[PDB]
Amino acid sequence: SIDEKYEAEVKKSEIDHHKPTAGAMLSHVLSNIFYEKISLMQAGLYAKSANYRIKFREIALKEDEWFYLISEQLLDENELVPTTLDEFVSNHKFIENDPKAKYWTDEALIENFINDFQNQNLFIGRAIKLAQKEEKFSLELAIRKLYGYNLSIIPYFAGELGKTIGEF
């Protein structure tokens, strides 16, 4: 019954992945954010300029908020939410911490972030799509607004590397 519910969950879990389910696809979207918290707190602590130092922390909150809301909205519509260290490493994709990062130059810290922020917006990009289809009215509109933040983070980061987003 306790154990019954958990196998039943995990059977349900990847049957749901493998025929793209809007939520299971956001299980990917979520764990990245979780990972990015780690990379961005690092960035706030061991990075160098005060300005970029704080903006990292700033984003480490807002990400933790996007986690919370998106999770809740998944969970309001009765869908499985990734909620543990096994499920996060296992269900993440294309973002990484990296011990070495403490002695990178900022430019290098930031360069990382510009890229693996675009790398967040792909599963988002089809998130979103599986939303409109599934008719997940509430969830969808919340995820669009995620794009924006994910997205607006870039040009901030870009002009910090005094250039344009038309490059990346």
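One rule holds for the numbers: they count along the sequence shown, beginning at 1.
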Mean Cα B factor from the PDB record: higher for 72-80, or higher for 85-93? 85-93
Check the entry's C-alpha temperature factors for 150-158 and 10-18, then say which stretch has the higher mean. 10-18
Splitting the chain's C-alpha B-factors into thirds, which one does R126 fall into? highest
Determine, from the deposited record, the chain-internal third of the Cα B-factor for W104: lowest, middle or highest. highest
Among the modelled residues of its chain, the C-alpha B-factor of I59 falls in the third labelled lowest
Ranked against its chain, the third holding the CA B-factor of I114: middle
So where's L139 on the chain's Cα temperature factor ranking, which third? lowest
